[PDB]
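Report on one structure; see the data block that follows.
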Amino acid sequence: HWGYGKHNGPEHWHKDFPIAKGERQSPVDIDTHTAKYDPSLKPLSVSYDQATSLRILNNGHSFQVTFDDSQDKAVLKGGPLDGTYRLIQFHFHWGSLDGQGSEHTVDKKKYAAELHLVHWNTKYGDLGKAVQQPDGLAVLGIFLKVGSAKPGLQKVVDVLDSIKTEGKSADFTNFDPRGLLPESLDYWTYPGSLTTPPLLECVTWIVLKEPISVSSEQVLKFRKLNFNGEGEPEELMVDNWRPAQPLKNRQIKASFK
Ligand SMILES: NS(=O)(=O)c1nnc(-c2ccccc2Cl)s1
Ligand SMILES: [Zn+2]
């Protein structure tokens, strides 16, 4: 029932998911001046060399690329994290125009889109168990701005026409997510939540300072996807982002000066 429209969007979510008004909700505005540099923070460790992508899927709210998470093949650790987190999927949030689309904001600035690489803490055995724990997930967030193309994103955008509508999926093997990372792994981090229902407060957010650049043609292909299923009135999948939520009792830490 939930979505991003006037009658079922983010302002409505608390009715089915009361935690929407909780104490550690995401996304948030990252005030860069107030975020404190924490010299105790370690470099992020991103080990994606053995990543195995499986399928790409339009789930009615975004599109996602899903990985084999049955072994430690693609893992996140270090940074603010204790232990090892397995990559299960990545997806995007984007706007109807280039001046909006990201979920997190930086000094109130919105990016055209935001990439989320979702990982779960292996000590909990599976994603379903992990989301019920305050340190169950680590989501790596990467901003997208419009300019030069990102060659590593092209194999993704070229297949989107085959998953136009809700519930469509396709084989998507041998995709290398290293091709979506910016040069620097400098990051902000804070305790937060899933940004879609069920909005569980299970996420250590790690948001990279450096955005990746994608081309207008690449983002344009995102905007041709549909929220609706095949045979329903066509509603473009655009503006599938939750706005910034109250920071409340939280400190955002920076890994860099
Ligand atoms: N946008 S996000 O990465 O915070 C995210 N929000 N919800 C996610 C989710 C929802 C339902 C089941 C499993 C997952 Cl991983 S992932
Ligand atoms: Zn997301």
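By convention here, the chains of the structure tokens are called A, B, ... in the order presented, each chain's residues are numbered starting at 1, and ligands are numbered starting at 1 in the order presented.
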
Which residues are near ligand 2 in this structure, taking near to mean any atom at most 9 Å from a ligand atom and counting only C-alpha atoms and all ligand atoms? Format them as a JSON list (two decimals) with N, CA, C and O atoms, in the first residue's frame.
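Output below, filename selection.json:
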[["chain", "number", "residue", "atom", "x", "y", "z"],
["A", 62, "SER", "N", 11.85, 0.70, -6.25],
["A", 62, "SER", "CA", 13.17, 1.00, -6.80],
["A", 62, "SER", "C", 13.52, -0.14, -7.73],
["A", 62, "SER", "O", 12.67, -0.98, -8.03],
["A", 90, "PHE", "N", 22.12, -3.91, -3.98],
["A", 90, "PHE", "CA", 22.16, -2.45, -4.07],
["A", 90, "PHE", "C", 20.97, -1.93, -4.87],
["A", 90, "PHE", "O", 20.40, -2.66, -5.67],
["A", 91, "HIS", "N", 20.57, -0.70, -4.60],
["A", 91, "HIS", "CA", 19.44, -0.08, -5.30],
["A", 91, "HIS", "C", 19.70, 1.42, -5.30],
["A", 91, "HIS", "O", 20.70, 1.88, -4.73],
["A", 92, "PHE", "N", 18.81, 2.18, -5.92],
["A", 92, "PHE", "CA", 18.96, 3.63, -5.98],
["A", 92, "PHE", "C", 17.69, 4.35, -5.57],
["A", 92, "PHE", "O", 16.61, 3.78, -5.57],
["A", 93, "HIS", "N", 17.85, 5.63, -5.22],
["A", 93, "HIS", "CA", 16.74, 6.54, -5.04],
["A", 93, "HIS", "C", 17.04, 7.73, -5.94],
["A", 93, "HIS", "O", 18.18, 8.16, -5.99],
["A", 103, "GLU", "N", 18.48, 10.86, -0.62],
["A", 103, "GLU", "CA", 17.77, 10.75, 0.64],
["A", 103, "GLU", "C", 18.53, 11.54, 1.69],
["A", 103, "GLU", "O", 17.99, 12.45, 2.32],
["A", 114, "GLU", "N", 20.90, 8.66, -5.10],
["A", 114, "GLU", "CA", 21.71, 8.08, -4.05],
["A", 114, "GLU", "C", 21.70, 6.59, -4.21],
["A", 114, "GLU", "O", 20.63, 5.98, -4.34],
["A", 115, "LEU", "N", 22.89, 6.01, -4.23],
["A", 115, "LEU", "CA", 23.10, 4.58, -4.32],
["A", 115, "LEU", "C", 23.26, 3.98, -2.93],
["A", 115, "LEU", "O", 24.01, 4.50, -2.10],
["A", 116, "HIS", "N", 22.55, 2.89, -2.66],
["A", 116, "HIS", "CA", 22.65, 2.23, -1.36],
["A", 116, "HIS", "C", 23.12, 0.80, -1.55],
["A", 116, "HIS", "O", 22.44, 0.01, -2.20],
["A", 117, "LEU", "N", 24.27, 0.48, -0.97],
["A", 117, "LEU", "CA", 24.75, -0.90, -0.99],
["A", 117, "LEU", "C", 24.46, -1.49, 0.38],
["A", 117, "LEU", "O", 24.99, -1.04, 1.41],
["A", 118, "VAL", "N", 23.59, -2.50, 0.40],
["A", 118, "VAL", "CA", 23.03, -3.01, 1.65],
["A", 118, "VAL", "C", 23.78, -4.26, 2.08],
["A", 118, "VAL", "O", 23.89, -5.21, 1.31],
["A", 139, "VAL", "N", 24.70, 0.07, 5.70],
["A", 139, "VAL", "CA", 24.38, 0.50, 4.35],
["A", 139, "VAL", "C", 25.38, 1.57, 3.93],
["A", 139, "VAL", "O", 25.59, 2.56, 4.66],
["A", 141, "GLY", "N", 26.24, 4.45, 1.49],
["A", 141, "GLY", "CA", 25.51, 5.39, 0.66],
["A", 141, "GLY", "C", 26.46, 6.23, -0.16],
["A", 141, "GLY", "O", 27.44, 6.78, 0.35],
["A", 194, "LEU", "N", 16.38, 1.71, 8.15],
["A", 194, "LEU", "CA", 15.91, 1.52, 6.78],
["A", 194, "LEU", "C", 15.13, 2.77, 6.39],
["A", 194, "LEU", "O", 14.39, 3.35, 7.21],
["A", 195, "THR", "N", 15.27, 3.19, 5.14],
["A", 195, "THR", "CA", 14.56, 4.38, 4.67],
["A", 195, "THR", "C", 13.28, 4.03, 3.93],
["A", 195, "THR", "O", 12.55, 4.92, 3.52],
["A", 196, "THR", "N", 13.03, 2.74, 3.71],
["A", 196, "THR", "CA", 11.70, 2.31, 3.29],
["A", 196, "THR", "C", 11.10, 1.44, 4.39],
["A", 196, "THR", "O", 11.84, 0.87, 5.20],
["A", 241, "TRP", "N", 12.28, 8.87, -2.96],
["A", 241, "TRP", "CA", 13.17, 9.17, -1.85],
["A", 241, "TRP", "C", 12.37, 9.62, -0.65],
["A", 241, "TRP", "O", 11.37, 10.32, -0.80]]

- Pull the alpha helix (DSSP H) assignments for range 3-203 of chain A out of DSSP run on the backbone, and list those residues as a list in words.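 Residues meeting the alpha helix (DSSP H) criterion: residues 127, 128, 129, 130, 154, 155, 156 and 157 of chain A.
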
Range 42-58 of chain A environment, 8 Å, only C-alpha atoms, sequence neighbours closer than 6 positions dropped, as a CSV table (one decimal) with N, CA and C atoms, in the first residue's frame:
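Result saved to part.csv:
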chain,number,residue,atom,x,y,z
A,64,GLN,N,16.7,-3.2,-7.9
A,64,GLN,CA,17.8,-3.6,-7.1
A,64,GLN,C,18.5,-4.7,-7.9
A,65,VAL,N,19.8,-4.7,-7.6
A,65,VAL,CA,20.7,-5.8,-8.1
A,65,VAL,C,21.0,-6.7,-6.8
A,66,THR,N,20.7,-8.0,-6.9
A,66,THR,CA,20.9,-8.9,-5.8
A,66,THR,C,22.1,-9.8,-5.9
A,67,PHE,N,22.8,-10.0,-4.8
A,67,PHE,CA,24.0,-10.8,-4.8
A,67,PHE,C,23.8,-12.1,-4.1
A,68,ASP,N,24.7,-13.1,-4.3
A,68,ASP,CA,24.8,-14.3,-3.5
A,68,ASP,C,25.4,-13.9,-2.2
A,73,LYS,N,31.6,-13.3,0.3
A,73,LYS,CA,32.2,-13.0,-1.1
A,73,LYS,C,32.4,-11.5,-1.3
A,74,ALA,N,31.4,-10.8,-0.9
A,74,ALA,CA,31.5,-9.3,-1.0
A,74,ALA,C,31.2,-8.8,0.3
A,75,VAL,N,32.2,-8.3,1.0
A,75,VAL,CA,31.9,-7.9,2.4
A,75,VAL,C,32.5,-6.5,2.7
A,76,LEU,N,31.8,-5.8,3.7
A,76,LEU,CA,32.1,-4.5,4.2
A,76,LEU,C,32.6,-4.8,5.7
A,77,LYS,N,33.7,-4.2,6.0
A,77,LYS,CA,34.1,-4.1,7.5
A,77,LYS,C,35.0,-2.9,7.8
A,78,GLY,N,35.5,-2.9,9.0
A,78,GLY,CA,36.3,-1.7,9.3
A,78,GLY,C,35.4,-0.5,9.4
A,79,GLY,N,35.9,0.7,9.2
A,79,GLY,CA,35.2,1.9,9.4
A,79,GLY,C,34.7,2.0,10.8
A,80,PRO,N,33.4,2.2,11.0
A,80,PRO,CA,32.9,2.3,12.4
A,80,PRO,C,32.4,0.9,12.8
A,163,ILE,N,13.0,-4.5,-17.3
A,163,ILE,CA,12.4,-4.6,-16.0
A,163,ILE,C,11.6,-3.3,-15.7
A,164,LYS,N,10.8,-2.8,-16.8
A,164,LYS,CA,10.1,-1.6,-16.7
A,164,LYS,C,9.1,-1.5,-15.5
A,165,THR,N,8.4,-2.5,-15.3
A,165,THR,CA,7.3,-2.5,-14.4
A,165,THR,C,7.5,-3.4,-13.1
A,166,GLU,N,6.7,-3.1,-12.1
A,166,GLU,CA,6.8,-3.8,-10.8
A,166,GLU,C,6.6,-5.3,-11.0
A,167,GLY,N,7.6,-6.0,-10.4
A,167,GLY,CA,7.5,-7.4,-10.4
A,167,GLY,C,8.4,-8.1,-11.5
A,168,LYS,N,8.9,-7.3,-12.4
A,168,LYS,CA,9.8,-7.8,-13.5
A,168,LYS,C,11.2,-8.0,-13.0
A,169,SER,N,11.9,-9.1,-13.4
A,169,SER,CA,13.2,-9.3,-13.0
A,169,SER,C,14.0,-9.9,-14.2
A,170,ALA,N,15.3,-9.9,-14.1
A,170,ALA,CA,16.1,-10.5,-15.2
A,170,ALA,C,17.4,-11.0,-14.6
A,171,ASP,N,18.0,-12.0,-15.3
A,171,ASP,CA,19.4,-12.5,-15.0
A,171,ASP,C,20.3,-11.3,-15.1
A,172,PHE,N,21.2,-11.2,-14.1
A,172,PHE,CA,22.2,-10.1,-14.1
A,172,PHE,C,23.4,-10.5,-13.4
A,173,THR,N,24.2,-11.4,-14.1
A,173,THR,CA,25.4,-12.0,-13.6
A,173,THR,C,26.6,-11.2,-14.0
A,174,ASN,N,27.7,-11.4,-13.2
A,174,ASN,CA,29.0,-10.9,-13.4
A,174,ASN,C,29.1,-9.4,-13.5
A,175,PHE,N,28.2,-8.8,-12.7
A,175,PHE,CA,28.3,-7.3,-12.5
A,175,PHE,C,29.2,-7.0,-11.3
A,176,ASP,N,30.1,-6.1,-11.6
A,176,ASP,CA,31.2,-5.7,-10.6
A,176,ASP,C,30.8,-4.4,-9.9
A,177,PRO,N,30.4,-4.4,-8.7
A,177,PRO,CA,30.0,-3.2,-8.0
A,177,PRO,C,31.1,-2.2,-7.7
A,178,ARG,N,32.4,-2.7,-7.8
A,178,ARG,CA,33.5,-1.8,-7.6
A,178,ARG,C,33.5,-0.7,-8.6
A,185,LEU,N,37.3,6.9,-0.1
A,185,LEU,CA,36.4,6.2,0.9
A,185,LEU,C,36.2,7.0,2.2
A,186,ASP,N,36.5,8.3,2.2
A,186,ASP,CA,36.2,9.1,3.3
A,186,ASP,C,34.7,9.2,3.5
A,255,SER,N,35.1,10.6,9.1
A,255,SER,CA,36.4,9.9,9.1
A,255,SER,C,37.5,10.7,8.7

Worksheet entry | Contacts of residue 234 in chain A at 12 Å (only C-alpha atoms; same-chain gap of 2+ positions) as a ChimeraX atom specification | /A:164-166,224-232,236-238

Hey, can you spit out that residue selection with N, CA and C atoms as a compact mmCIF listing (two decimals), in the first residue's frame?
# COMPACT_ATOMS: atom_id res chain seq x y z
N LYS A 164 10.81 -2.85 -16.76
CA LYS A 164 10.14 -1.56 -16.69
C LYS A 164 9.14 -1.45 -15.54
N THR A 165 8.42 -2.54 -15.28
CA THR A 165 7.28 -2.50 -14.36
C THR A 165 7.46 -3.38 -13.13
N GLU A 166 6.67 -3.07 -12.10
CA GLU A 166 6.75 -3.77 -10.82
C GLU A 166 6.64 -5.27 -11.01
N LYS A 224 12.59 6.28 -16.58
CA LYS A 224 11.67 5.64 -17.51
C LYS A 224 11.05 4.40 -16.91
N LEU A 225 11.55 4.00 -15.74
CA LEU A 225 10.98 2.88 -15.01
C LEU A 225 9.60 3.27 -14.48
N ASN A 226 8.83 2.27 -14.09
CA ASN A 226 7.45 2.47 -13.62
C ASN A 226 7.23 1.92 -12.21
N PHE A 227 6.49 2.67 -11.39
CA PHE A 227 6.04 2.19 -10.08
C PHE A 227 5.02 1.08 -10.28
N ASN A 228 4.20 1.25 -11.30
CA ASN A 228 3.05 0.37 -11.54
C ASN A 228 3.45 -0.97 -12.13
N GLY A 229 2.55 -1.94 -12.02
CA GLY A 229 2.72 -3.21 -12.70
C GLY A 229 2.27 -3.08 -14.14
N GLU A 230 2.70 -4.01 -14.98
CA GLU A 230 2.27 -4.06 -16.37
C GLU A 230 0.74 -4.10 -16.46
N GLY A 231 0.17 -3.26 -17.31
CA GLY A 231 -1.28 -3.23 -17.51
C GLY A 231 -2.02 -2.23 -16.63
N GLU A 232 -1.30 -1.55 -15.74
CA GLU A 232 -1.90 -0.54 -14.87
C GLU A 232 -1.58 0.82 -15.45
N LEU A 236 5.43 7.10 -13.63
CA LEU A 236 6.88 6.98 -13.70
C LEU A 236 7.47 6.79 -12.31
N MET A 237 8.44 5.88 -12.20
CA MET A 237 9.21 5.72 -10.96
C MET A 237 10.23 6.87 -10.87
N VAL A 238 9.79 7.98 -10.27
CA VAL A 238 10.65 9.13 -9.99
C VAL A 238 10.32 9.61 -8.58

Computed gap from CA of residue 217 in chain A to atom 3 (O, counted along the ligand's line) of ligand 1 is 24.2 Å

Requested in this report: Mind checking which residues fall within 12 Å of residue 130 in chain A, counting only C-alpha atoms, ignoring those fewer than 3 positions away in the same chain, and posting them as a list in words?
Outcome: residues 85, 86, 88, 118, 119, 120, 121, 122, 123, 124, 125, 126, 127, 133, 134, 135, 136, 137, 138, 194, 200, 201, 202, 203 and 204 of chain A

Those residues with N, CA and C atoms, as a PDB file, in the first residue's frame please?
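Generated output (again_1.pdb):
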ATOM      1  N   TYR A  85      30.207  -7.653   7.337  1.00  0.00           N
ATOM      2  CA  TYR A  85      28.876  -7.468   6.788  1.00  0.00           C
ATOM      3  C   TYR A  85      28.841  -7.900   5.318  1.00  0.00           C
ATOM      4  N   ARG A  86      27.935  -8.820   4.980  1.00  0.00           N
ATOM      5  CA  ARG A  86      27.813  -9.359   3.617  1.00  0.00           C
ATOM      6  C   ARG A  86      26.893  -8.529   2.733  1.00  0.00           C
ATOM      7  N   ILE A  88      24.127  -7.936   0.212  1.00  0.00           N
ATOM      8  CA  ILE A  88      22.978  -8.679  -0.308  1.00  0.00           C
ATOM      9  C   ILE A  88      22.400  -8.006  -1.561  1.00  0.00           C
ATOM     10  N   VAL A 118      23.593  -2.496   0.397  1.00  0.00           N
ATOM     11  CA  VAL A 118      23.031  -3.009   1.645  1.00  0.00           C
ATOM     12  C   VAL A 118      23.781  -4.257   2.085  1.00  0.00           C
ATOM     13  N   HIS A 119      24.302  -4.241   3.316  1.00  0.00           N
ATOM     14  CA  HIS A 119      25.052  -5.363   3.874  1.00  0.00           C
ATOM     15  C   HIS A 119      24.482  -5.793   5.222  1.00  0.00           C
ATOM     16  N   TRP A 120      24.567  -7.083   5.543  1.00  0.00           N
ATOM     17  CA  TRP A 120      24.091  -7.526   6.853  1.00  0.00           C
ATOM     18  C   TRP A 120      25.170  -8.240   7.669  1.00  0.00           C
ATOM     19  N   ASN A 121      25.098  -8.073   8.988  1.00  0.00           N
ATOM     20  CA  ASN A 121      26.121  -8.557   9.919  1.00  0.00           C
ATOM     21  C   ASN A 121      26.060 -10.076  10.011  1.00  0.00           C
ATOM     22  N   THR A 122      27.148 -10.744   9.636  1.00  0.00           N
ATOM     23  CA  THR A 122      27.134 -12.200   9.529  1.00  0.00           C
ATOM     24  C   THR A 122      26.894 -12.898  10.857  1.00  0.00           C
ATOM     25  N   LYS A 123      27.087 -12.187  11.960  1.00  0.00           N
ATOM     26  CA  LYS A 123      26.881 -12.826  13.256  1.00  0.00           C
ATOM     27  C   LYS A 123      25.399 -13.129  13.507  1.00  0.00           C
ATOM     28  N   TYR A 124      24.525 -12.546  12.688  1.00  0.00           N
ATOM     29  CA  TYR A 124      23.091 -12.811  12.789  1.00  0.00           C
ATOM     30  C   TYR A 124      22.555 -13.818  11.759  1.00  0.00           C
ATOM     31  N   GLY A 125      23.429 -14.311  10.889  1.00  0.00           N
ATOM     32  CA  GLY A 125      23.108 -15.465  10.069  1.00  0.00           C
ATOM     33  C   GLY A 125      22.302 -15.225   8.804  1.00  0.00           C
ATOM     34  N   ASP A 126      21.316 -14.333   8.868  1.00  0.00           N
ATOM     35  CA  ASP A 126      20.526 -14.001   7.687  1.00  0.00           C
ATOM     36  C   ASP A 126      19.977 -12.582   7.800  1.00  0.00           C
ATOM     37  N   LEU A 127      19.554 -12.014   6.674  1.00  0.00           N
ATOM     38  CA  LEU A 127      19.066 -10.633   6.647  1.00  0.00           C
ATOM     39  C   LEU A 127      17.844 -10.423   7.530  1.00  0.00           C
ATOM     40  N   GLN A 133      18.027  -6.157  14.751  1.00  0.00           N
ATOM     41  CA  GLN A 133      19.123  -5.860  15.670  1.00  0.00           C
ATOM     42  C   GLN A 133      19.634  -4.457  15.399  1.00  0.00           C
ATOM     43  N   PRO A 134      20.013  -3.730  16.459  1.00  0.00           N
ATOM     44  CA  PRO A 134      20.499  -2.360  16.284  1.00  0.00           C
ATOM     45  C   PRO A 134      21.803  -2.273  15.492  1.00  0.00           C
ATOM     46  N   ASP A 135      22.606  -3.336  15.461  1.00  0.00           N
ATOM     47  CA  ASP A 135      23.802  -3.354  14.618  1.00  0.00           C
ATOM     48  C   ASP A 135      23.709  -4.429  13.534  1.00  0.00           C
ATOM     49  N   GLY A 136      22.499  -4.676  13.041  1.00  0.00           N
ATOM     50  CA  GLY A 136      22.282  -5.726  12.061  1.00  0.00           C
ATOM     51  C   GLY A 136      22.733  -5.413  10.648  1.00  0.00           C
ATOM     52  N   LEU A 137      22.628  -4.147  10.247  1.00  0.00           N
ATOM     53  CA  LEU A 137      22.936  -3.760   8.873  1.00  0.00           C
ATOM     54  C   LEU A 137      23.978  -2.653   8.801  1.00  0.00           C
ATOM     55  N   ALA A 138      24.737  -2.660   7.712  1.00  0.00           N
ATOM     56  CA  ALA A 138      25.570  -1.529   7.333  1.00  0.00           C
ATOM     57  C   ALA A 138      25.177  -1.158   5.909  1.00  0.00           C
ATOM     58  N   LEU A 194      16.379   1.706   8.149  1.00  0.00           N
ATOM     59  CA  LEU A 194      15.908   1.520   6.785  1.00  0.00           C
ATOM     60  C   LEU A 194      15.128   2.772   6.392  1.00  0.00           C
ATOM     61  N   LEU A 200      13.011  -0.218   9.963  1.00  0.00           N
ATOM     62  CA  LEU A 200      13.624  -0.739  11.185  1.00  0.00           C
ATOM     63  C   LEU A 200      14.937  -0.041  11.531  1.00  0.00           C
ATOM     64  N   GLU A 201      15.147   0.145  12.827  1.00  0.00           N
ATOM     65  CA  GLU A 201      16.285   0.914  13.305  1.00  0.00           C
ATOM     66  C   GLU A 201      17.483   0.018  13.528  1.00  0.00           C
ATOM     67  N   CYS A 202      18.034  -0.451  12.416  1.00  0.00           N
ATOM     68  CA  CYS A 202      18.993  -1.540  12.444  1.00  0.00           C
ATOM     69  C   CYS A 202      20.241  -1.196  11.646  1.00  0.00           C
ATOM     70  N   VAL A 203      20.378   0.066  11.250  1.00  0.00           N
ATOM     71  CA  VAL A 203      21.419   0.430  10.285  1.00  0.00           C
ATOM     72  C   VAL A 203      22.536   1.320  10.818  1.00  0.00           C
ATOM     73  N   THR A 204      23.776   0.885  10.625  1.00  0.00           N
ATOM     74  CA  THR A 204      24.897   1.801  10.736  1.00  0.00           C
ATOM     75  C   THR A 204      25.085   2.403   9.354  1.00  0.00           C
TER      76      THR A 204
END

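Proximity ranking of A:19, A:181, A:219, A:28 relative to residue 113 in chain A places A:219 first, based on only C-alpha atoms.
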